[PDB]
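Novice: What follows is start26.cif; its format and atoms are mmCIF, C-alpha atoms and all ligand atoms.
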data_upload
loop_
_atom_site.label_atom_id
_atom_site.label_comp_id
_atom_site.auth_asym_id
_atom_site.auth_seq_id
_atom_site.Cartn_x
_atom_site.Cartn_y
_atom_site.Cartn_z
CA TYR A 463 -30.13 186.77 50.42
CA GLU A 464 -28.03 188.09 47.53
CA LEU A 465 -30.95 188.05 45.09
CA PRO A 466 -31.60 190.84 42.55
CA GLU A 467 -35.08 192.39 42.53
CA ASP A 468 -37.47 191.41 39.74
CA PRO A 469 -40.75 193.42 39.81
CA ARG A 470 -42.19 191.12 37.14
CA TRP A 471 -42.58 188.23 39.58
CA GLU A 472 -42.03 189.63 43.08
CA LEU A 473 -44.78 189.15 45.65
CA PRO A 474 -44.96 190.83 49.08
CA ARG A 475 -44.28 188.19 51.75
CA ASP A 476 -47.41 189.18 53.70
CA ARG A 477 -49.46 188.07 50.68
CA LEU A 478 -48.41 184.45 51.12
CA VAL A 479 -50.18 182.46 53.84
CA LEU A 480 -47.97 179.37 54.22
CA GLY A 481 -49.67 176.02 54.81
CA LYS A 482 -48.97 172.30 55.21
CA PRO A 483 -46.02 170.46 53.56
CA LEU A 484 -46.86 168.88 50.18
CA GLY A 485 -45.08 165.54 50.03
CA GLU A 486 -41.69 165.40 51.74
CA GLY A 487 -38.82 167.55 50.46
CA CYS A 488 -36.23 165.69 48.37
CA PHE A 489 -33.93 168.54 47.31
CA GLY A 490 -36.01 171.44 48.58
CA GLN A 491 -39.25 171.58 50.55
CA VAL A 492 -42.60 172.10 48.82
CA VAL A 493 -45.52 173.47 50.82
CA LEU A 494 -49.13 174.32 50.02
CA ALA A 495 -49.94 178.02 50.43
CA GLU A 496 -52.48 180.77 49.80
CA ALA A 497 -51.62 183.87 47.79
CA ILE A 498 -53.64 187.03 48.38
CA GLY A 499 -54.11 189.03 45.19
CA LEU A 500 -51.79 187.41 42.67
CA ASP A 501 -54.01 189.01 40.05
CA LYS A 502 -52.98 192.69 40.02
CA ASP A 503 -56.59 193.67 39.32
CA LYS A 504 -58.18 191.06 41.60
CA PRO A 505 -56.37 191.81 44.89
CA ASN A 506 -59.08 190.48 47.22
CA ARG A 507 -59.11 186.86 46.08
CA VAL A 508 -56.99 184.01 47.45
CA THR A 509 -55.39 181.47 45.15
CA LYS A 510 -54.06 178.08 46.22
CA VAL A 511 -50.41 177.76 45.21
CA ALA A 512 -47.36 175.55 45.68
CA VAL A 513 -44.24 177.06 47.23
CA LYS A 514 -40.75 175.61 46.89
CA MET A 515 -37.98 176.65 49.28
CA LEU A 516 -34.60 175.59 50.68
CA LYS A 517 -34.07 173.15 53.56
CA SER A 518 -32.20 174.22 56.70
CA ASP A 519 -29.17 172.16 55.68
CA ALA A 520 -28.95 173.82 52.25
CA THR A 521 -25.75 174.69 50.41
CA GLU A 522 -24.88 177.68 48.23
CA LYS A 523 -25.19 175.25 45.34
CA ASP A 524 -28.73 174.32 46.41
CA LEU A 525 -29.52 178.04 46.40
CA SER A 526 -28.06 178.60 42.93
CA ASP A 527 -29.90 175.49 41.72
CA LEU A 528 -33.25 176.86 42.89
CA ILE A 529 -32.46 180.22 41.30
CA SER A 530 -31.63 178.52 37.99
CA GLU A 531 -34.95 176.66 37.93
CA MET A 532 -36.87 179.87 38.60
CA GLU A 533 -35.05 181.77 35.86
CA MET A 534 -35.72 179.03 33.31
CA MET A 535 -39.46 179.07 33.96
CA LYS A 536 -39.44 182.84 33.45
CA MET A 537 -37.89 182.27 30.01
CA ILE A 538 -40.04 179.34 28.87
CA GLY A 539 -43.29 181.19 29.56
CA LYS A 540 -46.80 179.92 30.22
CA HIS A 541 -48.68 176.94 28.84
CA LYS A 542 -51.86 175.17 29.95
CA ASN A 543 -50.19 171.77 30.33
CA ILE A 544 -47.13 172.72 32.38
CA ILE A 545 -46.83 173.77 36.02
CA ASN A 546 -46.51 177.53 35.54
CA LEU A 547 -44.58 180.10 37.55
CA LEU A 548 -46.95 182.45 39.38
CA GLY A 549 -44.50 184.57 41.37
CA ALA A 550 -41.62 184.62 43.86
CA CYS A 551 -40.44 186.03 47.19
CA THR A 552 -36.80 187.03 46.76
CA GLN A 553 -36.29 190.08 48.98
CA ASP A 554 -35.81 190.39 52.75
CA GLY A 555 -35.80 186.73 53.75
CA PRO A 556 -35.62 183.16 52.36
CA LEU A 557 -36.27 182.48 48.68
CA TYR A 558 -39.82 181.38 47.83
CA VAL A 559 -40.68 180.10 44.36
CA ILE A 560 -44.42 180.10 43.74
CA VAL A 561 -46.00 177.80 41.15
CA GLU A 562 -49.49 176.57 40.20
CA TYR A 563 -51.15 174.07 42.54
CA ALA A 564 -52.25 170.58 41.47
CA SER A 565 -54.68 169.13 44.00
CA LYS A 566 -54.94 165.58 42.63
CA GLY A 567 -51.36 164.28 43.03
CA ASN A 568 -49.11 163.01 40.24
CA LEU A 569 -50.31 161.11 37.19
CA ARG A 570 -49.28 157.70 38.54
CA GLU A 571 -51.27 158.16 41.77
CA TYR A 572 -54.19 159.65 39.84
CA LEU A 573 -54.27 156.61 37.54
CA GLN A 574 -53.90 154.04 40.33
CA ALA A 575 -56.62 155.58 42.51
CA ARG A 576 -59.05 155.11 39.62
CA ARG A 577 -58.24 151.47 38.93
CA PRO A 578 -61.19 149.06 38.84
CA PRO A 579 -61.02 146.71 41.87
CA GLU A 592 -63.48 157.25 42.86
CA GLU A 593 -64.95 157.12 39.34
CA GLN A 594 -63.12 155.08 36.69
CA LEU A 595 -61.49 156.57 33.59
CA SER A 596 -62.97 155.91 30.16
CA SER A 597 -60.93 154.93 27.11
CA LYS A 598 -61.29 158.52 25.95
CA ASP A 599 -60.02 159.82 29.30
CA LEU A 600 -56.77 157.86 29.06
CA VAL A 601 -56.07 159.01 25.50
CA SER A 602 -57.01 162.56 26.51
CA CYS A 603 -54.38 162.30 29.25
CA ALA A 604 -51.77 161.26 26.68
CA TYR A 605 -52.81 164.15 24.44
CA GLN A 606 -52.37 166.78 27.17
CA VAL A 607 -48.92 165.56 28.24
CA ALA A 608 -47.90 165.46 24.57
CA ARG A 609 -49.03 169.08 24.27
CA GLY A 610 -47.07 170.17 27.32
CA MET A 611 -43.96 168.53 25.91
CA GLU A 612 -44.60 170.01 22.45
CA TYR A 613 -44.58 173.48 23.98
CA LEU A 614 -41.55 172.79 26.17
CA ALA A 615 -39.64 171.36 23.20
CA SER A 616 -40.76 174.40 21.20
CA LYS A 617 -38.98 176.54 23.82
CA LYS A 618 -35.79 174.49 23.39
CA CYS A 619 -36.36 172.73 26.74
CA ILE A 620 -35.36 169.15 27.52
CA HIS A 621 -37.01 167.51 30.53
CA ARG A 622 -34.70 164.47 30.95
CA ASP A 623 -37.07 162.64 33.35
CA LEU A 624 -40.47 162.72 31.65
CA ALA A 625 -42.69 160.29 33.57
CA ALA A 626 -46.09 159.95 35.25
CA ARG A 627 -44.49 160.84 38.59
CA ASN A 628 -43.44 164.18 37.10
CA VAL A 629 -46.89 164.89 35.67
CA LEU A 630 -49.33 166.53 38.09
CA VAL A 631 -53.13 166.77 37.94
CA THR A 632 -55.21 169.84 38.82
CA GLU A 633 -58.67 169.91 40.40
CA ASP A 634 -60.11 170.11 36.88
CA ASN A 635 -58.23 166.96 35.81
CA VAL A 636 -55.69 168.92 33.74
CA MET A 637 -52.30 167.33 33.10
CA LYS A 638 -49.46 169.69 34.04
CA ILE A 639 -45.82 168.74 33.48
CA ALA A 640 -43.56 169.27 36.49
CA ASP A 641 -39.82 169.81 37.03
CA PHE A 642 -39.12 170.79 33.42
CA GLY A 643 -36.55 173.34 34.57
CA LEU A 644 -35.01 171.28 37.37
CA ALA A 645 -31.25 171.80 37.61
CA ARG A 646 -29.67 168.36 37.35
CA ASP A 647 -26.07 167.28 36.81
CA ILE A 648 -26.33 164.22 34.58
CA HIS A 649 -22.75 163.18 35.42
CA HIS A 650 -23.64 162.20 38.98
CA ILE A 651 -26.83 160.20 38.41
CA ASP A 652 -27.05 157.25 40.78
CA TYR A 653 -28.60 154.60 38.52
CA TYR A 654 -29.25 152.44 41.60
CA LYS A 655 -31.01 155.23 43.49
CA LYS A 656 -34.75 154.56 43.53
CA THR A 657 -37.69 156.95 43.72
CA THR A 658 -39.74 157.11 46.93
CA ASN A 659 -42.19 154.68 45.33
CA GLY A 660 -39.39 152.20 44.75
CA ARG A 661 -38.90 152.49 40.99
CA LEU A 662 -35.68 152.94 39.01
CA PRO A 663 -35.66 156.13 36.86
CA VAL A 664 -33.25 154.47 34.39
CA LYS A 665 -36.31 152.66 33.00
CA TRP A 666 -37.56 155.90 31.45
CA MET A 667 -34.22 156.83 29.88
CA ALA A 668 -33.53 156.37 26.17
CA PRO A 669 -30.59 154.04 25.32
CA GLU A 670 -28.35 156.85 24.06
CA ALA A 671 -29.11 158.67 27.33
CA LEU A 672 -28.57 155.58 29.48
CA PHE A 673 -25.31 154.53 27.81
CA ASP A 674 -23.83 157.60 26.12
CA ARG A 675 -25.59 160.09 28.42
CA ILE A 676 -26.85 162.12 25.46
CA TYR A 677 -30.08 163.99 26.20
CA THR A 678 -32.16 165.38 23.34
CA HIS A 679 -35.78 166.08 22.43
CA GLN A 680 -35.87 162.61 20.87
CA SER A 681 -34.78 161.01 24.16
CA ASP A 682 -37.74 162.75 25.80
CA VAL A 683 -40.00 161.17 23.18
CA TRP A 684 -38.60 157.81 24.28
CA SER A 685 -39.68 158.68 27.83
CA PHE A 686 -43.11 159.65 26.53
CA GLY A 687 -43.42 156.09 25.25
CA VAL A 688 -42.82 154.71 28.73
CA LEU A 689 -45.21 157.37 30.03
CA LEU A 690 -47.74 156.15 27.46
CA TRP A 691 -47.21 152.65 28.82
CA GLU A 692 -47.79 153.93 32.38
CA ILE A 693 -51.10 155.51 31.35
CA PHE A 694 -52.70 152.47 29.71
CA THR A 695 -51.40 150.22 32.48
CA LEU A 696 -53.26 152.56 34.85
CA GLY A 697 -50.05 153.50 36.65
CA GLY A 698 -48.24 150.20 36.19
CA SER A 699 -44.56 149.81 37.02
CA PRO A 700 -42.28 149.46 33.95
CA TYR A 701 -40.21 146.25 33.97
CA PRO A 702 -41.17 144.93 37.42
CA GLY A 703 -38.48 142.95 39.25
CA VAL A 704 -35.80 144.03 36.78
CA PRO A 705 -32.59 145.53 38.26
CA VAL A 706 -30.23 148.01 36.57
CA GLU A 707 -27.74 145.37 35.40
CA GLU A 708 -30.40 143.43 33.51
CA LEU A 709 -32.06 146.51 32.00
CA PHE A 710 -28.77 147.31 30.25
CA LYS A 711 -28.83 143.84 28.70
CA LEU A 712 -32.50 144.12 27.69
CA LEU A 713 -31.89 147.31 25.72
CA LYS A 714 -28.83 145.85 23.97
CA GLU A 715 -31.00 142.99 22.71
CA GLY A 716 -33.55 145.54 21.52
CA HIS A 717 -36.22 144.26 23.87
CA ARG A 718 -39.45 146.24 24.29
CA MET A 719 -42.18 146.30 26.94
CA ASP A 720 -45.19 144.09 26.21
CA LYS A 721 -48.48 145.54 24.99
CA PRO A 722 -50.79 146.48 27.89
CA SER A 723 -54.19 144.79 27.91
CA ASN A 724 -57.15 147.06 27.10
CA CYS A 725 -54.87 149.09 24.83
CA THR A 726 -55.40 149.46 21.08
CA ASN A 727 -52.82 148.33 18.54
CA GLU A 728 -52.53 151.88 17.20
CA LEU A 729 -51.53 153.17 20.64
CA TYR A 730 -49.04 150.33 21.15
CA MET A 731 -47.56 151.10 17.73
CA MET A 732 -47.17 154.66 19.00
CA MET A 733 -45.21 153.38 22.00
CA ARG A 734 -43.01 151.27 19.71
CA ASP A 735 -42.31 154.24 17.43
CA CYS A 736 -41.35 156.27 20.50
CA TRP A 737 -39.02 153.39 21.39
CA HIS A 738 -37.28 153.40 18.01
CA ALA A 739 -33.63 152.40 18.44
CA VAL A 740 -32.59 155.14 16.02
CA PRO A 741 -33.39 158.56 17.58
CA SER A 742 -34.00 160.28 14.22
CA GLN A 743 -36.80 157.82 13.42
CA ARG A 744 -38.87 158.57 16.52
CA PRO A 745 -41.88 160.87 16.07
CA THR A 746 -41.81 164.47 17.29
CA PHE A 747 -44.12 165.73 20.03
CA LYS A 748 -45.70 167.84 17.27
CA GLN A 749 -46.63 164.61 15.46
CA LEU A 750 -47.72 162.89 18.68
CA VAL A 751 -50.05 165.80 19.43
CA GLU A 752 -51.64 165.55 15.98
CA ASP A 753 -51.98 161.76 16.18
CA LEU A 754 -53.44 161.74 19.68
CA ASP A 755 -55.75 164.59 18.67
CA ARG A 756 -57.27 162.44 15.92
CA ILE A 757 -57.38 159.38 18.19
CA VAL A 758 -59.27 161.31 20.88
CA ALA A 759 -61.95 162.21 18.34
CA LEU A 760 -62.17 158.53 17.37
CA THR A 761 -62.11 156.99 20.86
CA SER A 762 -65.41 155.97 22.45
CA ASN A 763 -66.60 157.87 25.52
CA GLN A 764 -68.33 154.65 26.58
CA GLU A 765 -65.06 152.81 27.27
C1 LIG B 801 -38.52 163.33 45.28
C2 LIG B 801 -39.58 163.37 46.38
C3 LIG B 801 -40.43 164.64 46.24
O1 LIG B 801 -39.90 165.75 46.22
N1 LIG B 801 -41.74 164.37 46.11
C4 LIG B 801 -42.70 165.31 46.01
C5 LIG B 801 -42.57 166.59 46.54
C6 LIG B 801 -43.61 167.51 46.43
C7 LIG B 801 -44.80 167.16 45.80
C8 LIG B 801 -45.85 168.06 45.72
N2 LIG B 801 -45.74 169.05 44.64
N3 LIG B 801 -44.80 169.46 43.99
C9 LIG B 801 -45.26 170.37 43.14
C10 LIG B 801 -44.50 171.04 42.27
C11 LIG B 801 -44.55 170.93 40.94
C12 LIG B 801 -43.68 171.74 40.31
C13 LIG B 801 -43.48 171.86 39.00
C14 LIG B 801 -42.54 172.75 38.48
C15 LIG B 801 -42.37 172.86 37.11
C16 LIG B 801 -41.79 173.51 39.35
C17 LIG B 801 -42.02 173.35 40.70
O2 LIG B 801 -41.34 174.04 41.66
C18 LIG B 801 -40.58 175.13 41.09
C19 LIG B 801 -42.94 172.49 41.15
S1 LIG B 801 -43.40 172.12 42.67
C20 LIG B 801 -46.58 170.52 43.32
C21 LIG B 801 -47.55 171.28 42.78
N4 LIG B 801 -47.22 172.12 41.81
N5 LIG B 801 -48.82 171.19 43.19
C22 LIG B 801 -49.15 170.29 44.20
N6 LIG B 801 -48.12 169.52 44.74
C23 LIG B 801 -46.86 169.66 44.29
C24 LIG B 801 -44.95 165.88 45.29
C25 LIG B 801 -43.91 164.97 45.41
#
The structure in this file should be written as structure tokens.
Ligand SMILES: *CCC(=O)Nc1ccc(Cn2nc(-c3cc4cc(C)cc(OC)c4s3)c3c(N)ncnc32)cc1
Specialist:
Amino acid sequence: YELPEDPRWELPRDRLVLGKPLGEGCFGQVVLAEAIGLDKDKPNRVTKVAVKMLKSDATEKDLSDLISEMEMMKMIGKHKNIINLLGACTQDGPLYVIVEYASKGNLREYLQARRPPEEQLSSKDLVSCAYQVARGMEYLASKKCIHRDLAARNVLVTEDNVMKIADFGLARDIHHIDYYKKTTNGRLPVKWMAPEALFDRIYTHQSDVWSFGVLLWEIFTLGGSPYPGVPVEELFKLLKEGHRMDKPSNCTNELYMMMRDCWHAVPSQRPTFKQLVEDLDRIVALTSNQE
């Protein structure tokens, strides 16, 4: 295309063995792939990766959107609990953005597939999950990054059960959001949005912390759906009345209090991810490994 060369991230196209499609492409196709010698000093080892590209019916805007996302991830840098940029194919052909591969689906799927009628998750496991996501967000927020759709569906799990935050650099115009548009699992994304983001369309770090509360709720409900049966029209009314989601069963009062604090009507009174990390850190060391 028209892309400038960047030797920091460029990978020769014959070092990328393309594989099977990973999920179905929403705004851009994602495929599994194998990269030969990503490590500059380990050139004879293959690494499983995820590759994002443009559909056939892709605009110039779609192109620029993919470029934007790649450039942001370059800036933000690497962290254990986010899907990291590994490289890119920008020269002589279609744009390929290469990121880390998570073999165990998103967090919602991961949690549902381990529901009691694959080994179950202990009480410590669930809190540990919350801790990792809180760490990924702490780092992202530290790099002045706002996710705007923090949820279990946007949290992926590696083969080593490591929570990695996805789509943190996704280019999204928040003035076009179809509030009635559902996800492919049939849930309304407006149920993760803070009130000031849902009404005044004001996205901040604090609005992400609101979303982390709903994410917390998803975790201890083992992938439950927030506000089942509730349409957009009624969710508006619920938030006006200051209504909050009920406490999940098999969830401590301390952790529910954490959700409630995340769902503080006044943004300034919500905890920071820095606090949430410290709290969850202490809770992990006080949560039984025997469920
Ligand atoms: C809206 C429907 C849809 O697109 N669903 C969907 C597509 C693809 C997968 C599989 N999948 N995606 C990813 C990616 C995660 C990230 C995270 C960041 C931060 C950036 C980025 O691309 C630049 C991607 S792509 C997967 C990874 N990383 N590993 C396995 N599967 C992945 C699921 C759902």
Novice: Which is closest to ligand LIG 801 (chain B) among A:657, A:762, A:742, A:553, if we use all atoms listed in the file?
Specialist: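 Result for the nearest residue to ligand LIG 801 (chain B): A:657.
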Novice: Which residue out of A:520, A:564, A:473, A:672 has the minimum interatomic distance to ligand LIG 801 (chain B) when all atoms listed in the file are used?
Specialist: A:564
Novice: Each residue of segment 482-575 of chain A lying at most 8 Å from segment 640-643 of chain A should get a row with its shortest atom-to-atom pair and the distance in Å to one decimal, counting all atoms listed in the file; could you produce that, ordered by chain and increasing number, as a Markdown table?
Specialist:
| residue | atom | partner | partner_atom | distance |
| --- | --- | --- | --- | --- |
| A:530 | CA | A:643 | CA | 7.9 |
| A:531 | CA | A:643 | CA | 5.0 |
| A:532 | CA | A:643 | CA | 7.7 |
| A:534 | CA | A:643 | CA | 5.9 |
| A:535 | CA | A:643 | CA | 6.5 |
| A:544 | CA | A:640 | CA | 6.4 |
| A:545 | CA | A:640 | CA | 5.6 |
Novice: A:522, A:464, A:527, A:503: which is nearest residue 489 of chain A, counting all atoms listed in the file?
Specialist: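 Looking at the shortest contact to residue 489 of chain A, the residue is A:527.
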Novice: Choose the residue, out of A:561, A:604, A:625, A:668, that has the smallest atom-to-atom separation from ligand LIG 801 (chain B); count all atoms listed in the file.
Specialist: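 Using all atoms listed in the file, ligand LIG 801 (chain B) sits closest to A:561.
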Novice: Rebuild N, CA and C atoms on segment 514-543 of chain A, as a tab-separated table (two decimals), in the coordinates of the input?
Specialist:
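Now in out-v1.tsv:
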chain	number	residue	atom	x	y	z
A	514	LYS	N	-41.98	176.36	46.70
A	514	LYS	CA	-40.75	175.61	46.89
A	514	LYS	C	-39.70	176.49	47.56
A	515	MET	N	-38.99	175.91	48.52
A	515	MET	CA	-37.98	176.65	49.28
A	515	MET	C	-36.78	175.76	49.60
A	516	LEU	N	-35.81	176.33	50.32
A	516	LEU	CA	-34.60	175.59	50.68
A	516	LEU	C	-34.72	174.98	52.07
A	517	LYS	N	-34.12	173.80	52.25
A	517	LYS	CA	-34.07	173.15	53.56
A	517	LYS	C	-33.11	173.92	54.46
A	518	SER	N	-33.09	173.57	55.75
A	518	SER	CA	-32.20	174.22	56.70
A	518	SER	C	-30.75	173.88	56.37
A	519	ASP	N	-30.49	172.61	56.10
A	519	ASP	CA	-29.17	172.16	55.68
A	519	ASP	C	-29.03	172.30	54.16
A	520	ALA	N	-29.06	173.54	53.68
A	520	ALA	CA	-28.95	173.82	52.25
A	520	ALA	C	-27.65	174.53	51.93
A	521	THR	N	-27.03	174.13	50.82
A	521	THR	CA	-25.75	174.69	50.41
A	521	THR	C	-25.94	175.97	49.59
A	522	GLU	N	-24.83	176.55	49.15
A	522	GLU	CA	-24.88	177.68	48.23
A	522	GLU	C	-25.23	177.17	46.84
A	523	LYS	N	-24.87	175.92	46.59
A	523	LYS	CA	-25.19	175.25	45.34
A	523	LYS	C	-26.69	175.01	45.24
A	524	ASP	N	-27.28	174.55	46.34
A	524	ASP	CA	-28.73	174.32	46.41
A	524	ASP	C	-29.48	175.62	46.13
A	525	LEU	N	-28.96	176.72	46.66
A	525	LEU	CA	-29.52	178.04	46.40
A	525	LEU	C	-29.46	178.37	44.91
A	526	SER	N	-28.26	178.28	44.34
A	526	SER	CA	-28.06	178.60	42.93
A	526	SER	C	-28.88	177.68	42.03
A	527	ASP	N	-29.08	176.44	42.46
A	527	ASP	CA	-29.90	175.49	41.72
A	527	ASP	C	-31.36	175.91	41.69
A	528	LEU	N	-31.87	176.39	42.82
A	528	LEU	CA	-33.25	176.86	42.89
A	528	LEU	C	-33.43	178.13	42.06
A	529	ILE	N	-32.42	178.99	42.08
A	529	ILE	CA	-32.46	180.22	41.30
A	529	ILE	C	-32.51	179.91	39.81
A	530	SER	N	-31.69	178.95	39.39
A	530	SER	CA	-31.63	178.52	37.99
A	530	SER	C	-32.99	178.04	37.49
A	531	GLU	N	-33.64	177.20	38.28
A	531	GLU	CA	-34.95	176.66	37.93
A	531	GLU	C	-35.98	177.76	37.77
A	532	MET	N	-35.94	178.75	38.67
A	532	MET	CA	-36.87	179.87	38.60
A	532	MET	C	-36.64	180.70	37.33
A	533	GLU	N	-35.38	180.95	37.01
A	533	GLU	CA	-35.05	181.77	35.86
A	533	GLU	C	-35.44	181.10	34.55
A	534	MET	N	-35.35	179.77	34.51
A	534	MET	CA	-35.72	179.03	33.31
A	534	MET	C	-37.21	179.14	33.04
A	535	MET	N	-38.01	179.03	34.09
A	535	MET	CA	-39.46	179.07	33.96
A	535	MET	C	-39.92	180.45	33.52
A	536	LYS	N	-39.18	181.49	33.92
A	536	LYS	CA	-39.44	182.84	33.45
A	536	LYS	C	-39.27	182.91	31.93
A	537	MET	N	-38.21	182.28	31.44
A	537	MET	CA	-37.89	182.27	30.01
A	537	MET	C	-38.91	181.49	29.19
A	538	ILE	N	-39.18	180.26	29.61
A	538	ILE	CA	-40.04	179.34	28.87
A	538	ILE	C	-41.45	179.91	28.66
A	539	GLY	N	-41.98	180.59	29.67
A	539	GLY	CA	-43.29	181.19	29.56
A	539	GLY	C	-44.40	180.25	29.98
A	540	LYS	N	-45.64	180.65	29.72
A	540	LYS	CA	-46.80	179.92	30.22
A	540	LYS	C	-47.42	179.00	29.19
A	541	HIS	N	-47.87	177.84	29.65
A	541	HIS	CA	-48.68	176.94	28.84
A	541	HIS	C	-49.66	176.20	29.75
A	542	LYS	N	-50.81	175.83	29.19
A	542	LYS	CA	-51.86	175.17	29.95
A	542	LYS	C	-51.40	173.86	30.59
A	543	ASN	N	-50.55	173.11	29.89
A	543	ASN	CA	-50.19	171.77	30.33
A	543	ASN	C	-48.80	171.67	30.95
